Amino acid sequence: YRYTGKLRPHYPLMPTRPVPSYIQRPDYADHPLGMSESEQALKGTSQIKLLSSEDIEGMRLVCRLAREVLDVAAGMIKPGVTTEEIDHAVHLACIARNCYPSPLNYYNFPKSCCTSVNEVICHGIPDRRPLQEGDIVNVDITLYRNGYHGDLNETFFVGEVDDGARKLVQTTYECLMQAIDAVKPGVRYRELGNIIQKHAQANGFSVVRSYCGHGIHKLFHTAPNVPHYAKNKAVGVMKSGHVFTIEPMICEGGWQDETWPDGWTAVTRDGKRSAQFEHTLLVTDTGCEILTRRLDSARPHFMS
C-alpha cells in the first residue's frame, strides 16, 4: 500500500479492552463480525423515526454522558500522548458512566473511539503513535446507554500549530455551526450541504463526499443520510422530533478519500490535512436542541 502522507499505523495494538458484563450492550457487541441486525433490518429505508418523550429523555442522557467523555479526551491532548492512551481513558470513562463505547466491535472496529490525526479524515484507529507538536487530532465519541446512542466529535490542537491548521479547524467548526443554525422543521436535509460547502469553498477548502451525517437513536447509524457537500440528493424533510448528526469533514487540499489496508482509516488521497466537528441534534418546533453541547463553556476546546 502506498501511504498518502507522513502518518503510518503504529502496531501492535494492546489486546481488546473488555467491557464489564453489567453494562448493557448493543446487538452488534457480541456478533462475530460486529454486524447490527437492527440496523440491517432498516438498511436502505429512508423513513425517519419520530422520537417519543421517553426516547428524547434517553437521547438527552446519553448525549450528555458522551459530551463528558469527549471532555475527558480533550484534557489529554498534549505532545507525547499516544492515541491508544486517549482511547484507554475514553474506554474507562464510558464504563464509569455505565455506558458501552459504541465504536467497540461495531463492524469489528477494534477500539472504543476514533482518533484521526492530520490527513486522516475519520475512523482513525487509536494506536501506539505519540502525538506530535503541530498535529491536529479529532476524537469521535459515541456512547450507548439504555438502548440509545449519542455521538459527537471535536478536532484539537497538539501544542502550537501553524496558521493553516488554525484556519482549517476554525473554518470546519464554522461550517458545523452555520449548518446547525439552519436546522428547523420544514428544511430539507439536502440543504445543509449547500451551506457547508459554500463556507468551506469560500475559505479555500474542500468537502469530503464519502462520509455523511446520520440519523441516530436506538441505532448508531440510520436514516437520514446527511451529506455535507452542495447539490446532494439527500432524502427527507426535517420535522420536530427527528434526531440526527451533522459532522462535516473539510480538507486543506482535494476532497478525495481512500481507506488504509486496516479497512477503517480514511485518509485524504493527497495527504493534506482534514478536520471535523460533530453534534447530535434534536429538531424542535423552534429549531433544534444541541444534545451534545458543552455545558461548562460556550466554545469548543480548540478555542479555549
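Between two forms, the rigid core is the largest collection of C-alphas that superpose within 1.5 Å. We number the residues from 1 along the sequence you see.
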* Structure fact -> Core superposition done, the stretch whose Cα atoms deviate more in 5 other deposited structures of this protein, picking from 65-73 and 37-45, is 37-45
* Structure fact -> Of 76-84 vs 134-142, the stretch with the larger average CA B-factor in the entry is 76-84
* Structure fact -> Assert higher mean C-alpha B factor (216-224 or 148-156, deposited values) equals 216-224
* Asked: Among 70, 48, 246, 251, which carries the highest Cα B-factor?
  -> 48
* Structure fact -> When the entry's CA B-factors for 268, 52, 265, 276 are compared, the highest one belongs to 52
* Asked: Relative to the other modelled residues in the chain, which third contains the C-alpha temperature factor of residue 111: lowest, middle or highest?
  -> lowest
* Please place residue 65 in the lowest, middle or highest third of its chain by C-alpha B factor as given in the entry. => lowest
* Structure fact -> Tertile call for residue 233 (CA temperature factor, within chain, third-based) is the highest
* Considering only modelled residues of the same chain, in which third does the CA B-factor of residue 201 rank: lowest, middle or highest? -> highest
* Structure fact -> Assert third(CA B-factor, residue 13) within chain per record equals middle
